[PDB]
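>>> PDB entry and its sequence, pasted below:
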Amino acid sequence: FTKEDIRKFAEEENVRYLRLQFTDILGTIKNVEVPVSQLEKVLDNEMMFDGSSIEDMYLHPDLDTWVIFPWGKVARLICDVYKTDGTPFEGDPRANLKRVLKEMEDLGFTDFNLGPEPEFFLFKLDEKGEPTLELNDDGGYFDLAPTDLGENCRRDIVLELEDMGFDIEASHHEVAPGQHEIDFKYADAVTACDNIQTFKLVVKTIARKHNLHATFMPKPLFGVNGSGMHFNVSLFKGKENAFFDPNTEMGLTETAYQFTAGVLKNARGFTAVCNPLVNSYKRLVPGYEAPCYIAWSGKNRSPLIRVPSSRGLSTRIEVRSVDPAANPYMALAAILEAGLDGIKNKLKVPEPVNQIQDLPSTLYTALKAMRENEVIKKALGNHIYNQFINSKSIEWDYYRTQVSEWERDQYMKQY
Amino acid sequence: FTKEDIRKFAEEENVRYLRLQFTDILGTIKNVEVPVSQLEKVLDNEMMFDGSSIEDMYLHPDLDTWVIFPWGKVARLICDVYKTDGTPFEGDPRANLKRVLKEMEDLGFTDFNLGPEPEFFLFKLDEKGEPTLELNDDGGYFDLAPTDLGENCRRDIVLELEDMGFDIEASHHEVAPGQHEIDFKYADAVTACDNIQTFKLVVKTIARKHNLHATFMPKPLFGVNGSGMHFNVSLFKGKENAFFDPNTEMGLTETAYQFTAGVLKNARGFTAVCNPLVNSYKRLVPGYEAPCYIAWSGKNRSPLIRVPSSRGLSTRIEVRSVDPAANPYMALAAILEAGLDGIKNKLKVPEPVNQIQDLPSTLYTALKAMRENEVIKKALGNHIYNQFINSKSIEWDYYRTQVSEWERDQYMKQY
Amino acid sequence: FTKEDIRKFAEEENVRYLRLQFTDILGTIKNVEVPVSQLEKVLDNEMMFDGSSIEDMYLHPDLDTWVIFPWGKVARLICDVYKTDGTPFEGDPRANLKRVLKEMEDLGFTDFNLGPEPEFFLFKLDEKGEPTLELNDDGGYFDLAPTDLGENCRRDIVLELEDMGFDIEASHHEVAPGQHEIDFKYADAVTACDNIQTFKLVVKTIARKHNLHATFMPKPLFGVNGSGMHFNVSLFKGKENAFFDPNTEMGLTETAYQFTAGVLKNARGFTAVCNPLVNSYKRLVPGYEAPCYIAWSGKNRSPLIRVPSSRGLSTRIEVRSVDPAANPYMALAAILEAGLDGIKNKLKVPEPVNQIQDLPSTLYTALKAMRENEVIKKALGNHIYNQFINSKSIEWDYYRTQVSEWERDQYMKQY
């Protein structure tokens, strides 16, 4: 898309307002709404926001991200954050991912695809409009109505996403009660992260329209399956998958093996980025279909890395520890950098486990492991690395001092 | 606009009623509604009201302020208050600002632009229609729905303002929960103050339609960021900005430096006018993004005066201590006179603070400082000066004797 | 009293427990209860407490303060606070008053009497036992039952105080509804301050037995008379009043005039100590029988200093600005030092006002005036002076940022 294309779209679609939206370090999408009479100012990269209020900057819209919300008509553009000197801000996760991809392109790889699959819960709202603790239904995996009561809301979400240009693959009820999954096809790295960001807000808006609250919190309830955001990744060097070997019986190139070796070797280091909440490690517990051991397998369900049986152009590596609360840009950049480190150091792959280190058990331990990894620092840059560590340390210190109801139930009558 | 233009508008738009509205000393907009059959009497400056009931007078409409409320169709005219002898009333803030501008024009300056940016809170209404203490949402800076629940109300306010001829620039959620900001571009001094007055009433009218209460109180809640009304001001002598120097690397003329020197030197004096409430000084406290130190900077966030990095015709000076509860005419006249004092006395500018007196801490201290400044007395004239001081002194005396709940919580059990 | 007297009292009265009680800088009485089996340890000045938890110390009981609470039987001793080296702690208000009296004795004055008269309100308790905002009755000055419903509680307080060795003089309903006053005769400075401390706790304990809450808060409610703790002061040099002149028609010595001159001259300085609360200056407002002007009179009701018409050995000077929330030791020491300053500088007295500086209007202004006065610093010593200033500054900073209900009632709908 060019400026002329955007102008033509604005005139012919009668777009009245523009939403310039971007993402902070915590993965929260931030936006400012602007009347279409400021279209020329927006297209000249002259829009300005504060920056000090977000975890003197400029907004540079990415014109390929133009899309109209089908709910005054509003269109949106996903913008990169630049400084006053015309250079991209080093603390912007999206510009970070772009430059990581640019560094990848020097190794001969021309593309990096991401197929995500986030899961979410639906909770009922009260009369005041606040979410309650009761799920929308008590359905199970692949359940249908009236056992699956989220069928109408899920259908409306799919309908709204299709109007916005998504390529939806499947939709179904998930294992936990009130848990749902909508699948969309892979895209390029940047547009896949944009798809995740847009998908979360579309899901939340349409769920609110249905008197429901949608949350991507990893483990909202104890004793119930958590939500994951498995990352399917594949490398390409020119209209061809770099992971697929049409000669060996297994069908994986040496590049695919080195990528897996690098991801496995650096998995402990990027866990904090891929699992950024304190709640994220209540999901990484045994017995709930969540990965907590660093291993890979081609024929098995719950190692850290699973290589699906499909081959050809669909040959991919699935990292299963990513949760929907993670920042897609930072997590994808960390995974890509770990894989590229494995590629360029020619690491040998441990034997697949078909029947072994451990992921960090808490956010504090993951932060400790993140400070000791050199690959994650290079993946994130100095600014994002330092801000993430400082904010997560403050968050953990806030969490560390709380007294929970579990403690008052076990103690206070026994002691 | 002429009389013929107004008559043509009344016939062709089928206007049924006229709202002749003006502003008192406290910034409250007052009006009387008149059937369109009295249009000739209105245009002949023969409208009369009491005057003794407002903090034997004639209304003189300003025909350029014609606008129709898009919600019997009603149009409005902003009127000046005249005495029975045909001379403007010395206690009318709008006529005061007009004559201050007339005095400024004798110095060679032909224009004075004001770009304001007021902020407001939205509170939920109860069943009886009274505002509660519960904010409309719990969103943050640049937040979006469903975290930003004021999106629809803000969009309707913007839509309603655009029909009235405003040029809206941006709208977004503000830092505090339930705090919102809608930005409109600068205009001439008188019409900018008229824009502020119209903006407040449009916001308050559209909020009621959404079962919400809009308030421009500076600090409605403790522990929460307050609302400001930063004043962006620039001087012109004929289709060219007098603050812009395209020779120096900094890009500011000597005139811009003397204006800043005058505003800084007289900043203590006009604080009471720019912060006229007792609540205004609960916002002027450290740690909440509010100015409390009399200093200027070009590259910094929170001095009293901020000079934005933009240059050319958009070279401005931002006075950041003005709150939305201030009377726009009186505050703008005070700031203009303070700047012109430095212009005509060639005051030298203190060095910018990039890493120092203090603003008055209470309304009583601000009133004490106002009685000791000659520039504010010359800016407001004798009548407005005396009435403002008397009314604010009475208000402070009423506030001083109250016993708050904080006092009964700290004491009453300890003593 | 000697150690043998205390042992005899403990054996013959069958005292089971001892309360070693002392006063912190804020006037709050602190105590620890000890079984009578530790009587020898208590009498050997070997009792220890923390000190860091109170606004490694030793307790030295003052044996003359022995008294038994008539409500296991408990007696108490008022203790001085000493350091580990056997010297009195410089931050103890009682030891401060003792050394100020010792310094006074070098001037030839052998005694210093104080007649206090604190006033208190009575508030009804709810079912949970918390105080409410409704007064016990709606009686007035010198009112009787059933208009005065505090008659029984006041009688029980008087009965309990008489068993404890008080010499009660009068008890009556006060001007404000629910306000009461019980008078006891003067004593020496240290024992008068001990009487005030004991009186407050006895009143608060007995009121609780009547399902009432007793408070010595200066101004608990707006629009209603506040509570004062007038200090009646007289100097003696040997079984004779130094203020009484049997030859002059008025009957006041030059010493009495110089004492008044000193107190008037230093009145602004010690106001913060005598009025230590933020609420204290809601009482110091015109129209409620409270002093706010620094002047003296012999025949008038409301100057700052009143000299009662009685002469002989009962010739006294009444300072009327002290409220019952003040620390009696610190306020008495400040007043004594202020008077002695005039005594030793031979200050001339301003003419009595029978029909003029102004007391500080807020706690902040009183603290500012405290830092500029050397007599108060000499009276309190360095440690108490600095601790009081720091704590009151923090308290004022906490109060300054609150948003009261008055502000939300005046504003929030007007703006």
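Looks like it arrived, so ask away. Numbering: from 1, shown residues only, chains lettered A, B, ... in the order given.

>>> Next, the contact list for the nearest residue to residue A:192 once chain neighbours are set aside, please.
Nearest residue to residue A:192 in three dimensions, chain neighbours excluded: residue A:114, at 3.7 Å (C-beta to C-beta, 6 or more residues apart in numbering or on different chains). Bear in mind the C-beta positions are built from the backbone N, C-alpha and C, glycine included. Contacts for residue A:114 (C-beta atoms under 8 Å, 6 or more residues apart in numbering or on different chains) come out as A:186-189, A:192-193, A:231-233, A:332.

>>> What helix or strand is residue A:114 located in?
Assigned by DSSP states H and E, residue A:114 falls within strand A:111-125.

>>> buried residues in that strand?
A:111-123 (16 or more other C-beta atoms under 10 Å in any protein chain shown).

>>> Equivalent analysis for stretch A:367-380, please.
For stretch A:367-380, by 16+ other C-beta under 10 Å, it's A:367, A:369-370, A:373, A:375-380.

>>> ok, now stretch A:278-288?
Buried-residue list, stretch A:278-288, by 16+ other C-beta under 10 Å: A:278-284, A:288.

>>> Kindly report the same for stretch A:9-18.
For stretch A:9-18, by 16+ other C-beta under 10 Å, it's A:10, A:15-18.

>>> Could you provide those residues in JSON lines, with additional columns for secondary structure and distance to chain B?
Shown next, in JSON lines, are the buried residues of stretch A:9-18 (DSSP: H, G, I helix; E, B strand; the rest coil; distance: C-beta to the nearest C-beta, whole Å):
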{"residue": "A:10", "secondary structure": "helix", "distance to chain B": "16"}
{"residue": "A:15", "secondary structure": "coil", "distance to chain B": "14"}
{"residue": "A:16", "secondary structure": "coil", "distance to chain B": "8"}
{"residue": "A:17", "secondary structure": "strand", "distance to chain B": "7"}
{"residue": "A:18", "secondary structure": "strand", "distance to chain B": "10"}
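
>>> Need phi/psi at the most centrally placed residue in chain A.
Geometric centre of chain A, nearest residue: residue A:328, 3.3 Å, by C-alpha atoms, centre = their mean. According to degrees, to the nearest 10, the main-chain angles of residue A:328 amount to phi -60, psi -40.

>>> in what helix or strand does the residue lying closest to it once chain neighbours are set aside lie?
The shortest distance from residue A:328 to any non-neighbouring residue, by C-beta to C-beta, 6+ apart, is to residue A:193 (3.8 Å). Using DSSP H and E, residue A:193 sits within helix A:189-209.

>>> quick one: strands adjacent to the very next helix or strand once past that helix?
Sequence-wise, the next helix or strand downstream of helix A:189-209 (DSSP H and E) is strand A:212-215. Strand pairing for strand A:212-215, determined by DSSP bridges: strand A:111-125 (antiparallel).

>>> check contacts around the residue nearest to the centre of chain A.
A:27, A:116, A:192-193, A:196-197.

>>> just so I have it, where are all the helices in the stretch 151-300 of chain A?
Secondary structure of the stretch 151-300 of chain A (DSSP state H, counting those that start in this stretch): helices at A:151-163, A:189-209, A:254-265, A:271-274, A:280-283.

>>> from the contacts of residue A:328, which two are the most distant?
A:27 and A:192 (14.3 Å; C-beta to C-beta).

>>> Measure how buried the residue of the stretch 1-150 of chain A found nearest chain C is and give me the count.
Minimum separation of the stretch 1-150 of chain A from chain C (C-beta to the nearest C-beta) falls at residue A:53, amounting to 20.8 Å. When neighbours are counted by other C-beta atoms under 10 Å in any protein chain shown, residue A:53 registers 15.

>>> One more: residue A:28?
For residue A:28, using other C-beta under 10 Å, the count is 17.

>>> and if you look at residue A:406?
Count around residue A:406 with other C-beta under 10 Å applied: 9.

>>> Give the helix, strand or coil label for it.
Following DSSP: H, G, I helix; E, B strand; the rest coil, residue A:406 is assigned to helix.

>>> Return the member of the buried residues of stretch A:278-288 nearest to residue C:346.
residue A:278 (72.8 Å).

>>> contacting residues around the closest one?
A:362-363, A:395-396, A:399.

>>> go again using 6 Å as the cut-off
Residue A:278 makes contact with A:363, A:399, according to C-beta atoms under 6 Å, 6 or more residues apart in numbering or on different chains.

>>> try residue A:96
Residue A:96 neighbours (C-beta under 6 Å, 6+ apart): A:333, A:381.

>>> Grab the nearest non-local neighbour of residue A:65.
residue A:78 (4.0 Å).

>>> Which strands or helices does the helix or strand hosting that neighbour pack on?
For residue A:78, the host element (DSSP H and E) is strand A:74-82. The contact analysis (3 or more C-beta pairs under 6 Å, 6 or more residues apart in numbering or on different chains; DSSP states H and E) places strand A:74-82 against strand A:17-23, strand A:57-69.

>>> Check which helices and strands the last one sits against.
The helices and strands touching strand A:57-69, judged by 3+ C-beta pairs under 6 Å, 6+ apart, are strand A:74-82.

>>> One more pass at 7 Å, please.
Under the contact definition 3 or more C-beta pairs under 7 Å, 6 or more residues apart in numbering or on different chains; DSSP states H and E, strand A:57-69 sits against helix A:3-13, strand A:47-49, strand A:74-82.

>>> now the longest one against strand A:74-82, angle please.
This means helix A:3-13. 160 degrees (axes from the mean of the first three to the mean of the last three C-alpha atoms, to 10 degrees).

>>> For helix A:3-13, enumerate the helices and strands it packs against.
Against helix A:3-13 (3+ C-beta pairs under 7 Å, 6+ apart) you get helix A:39-43, strand A:57-69.

>>> Next up, phi/psi of residue A:249, please.
phi -60, psi -40.

>>> Give the closest residue to residue A:208 in space, chain neighbours not counted.
According to C-beta to C-beta, 6+ apart, the nearest residue to residue A:208 is residue B:146 (4.6 Å).

>>> do the same with residue A:126
residue A:132 (5.5 Å).

>>> right, and that neighbour touches residue A:124 too?
Yes - counting by C-beta atoms under 7 Å, residue A:132 does reach residue A:124; the two are 5.2 Å apart.

>>> Distance from the strand or helix carrying residue A:392 to the middle of the chain?
Residue A:392 is part of helix A:374-400, with elements assigned from DSSP H and E. Once both centres are worked out by C-alpha atoms, centre = their mean, to the nearest Å, helix A:374-400 turns out to sit 17 Å from its chain's centre.

>>> That one vs helix A:254-265, what angle?
Going by the same axes, to 10 degrees, helix A:374-400 makes 30 degrees with helix A:254-265.
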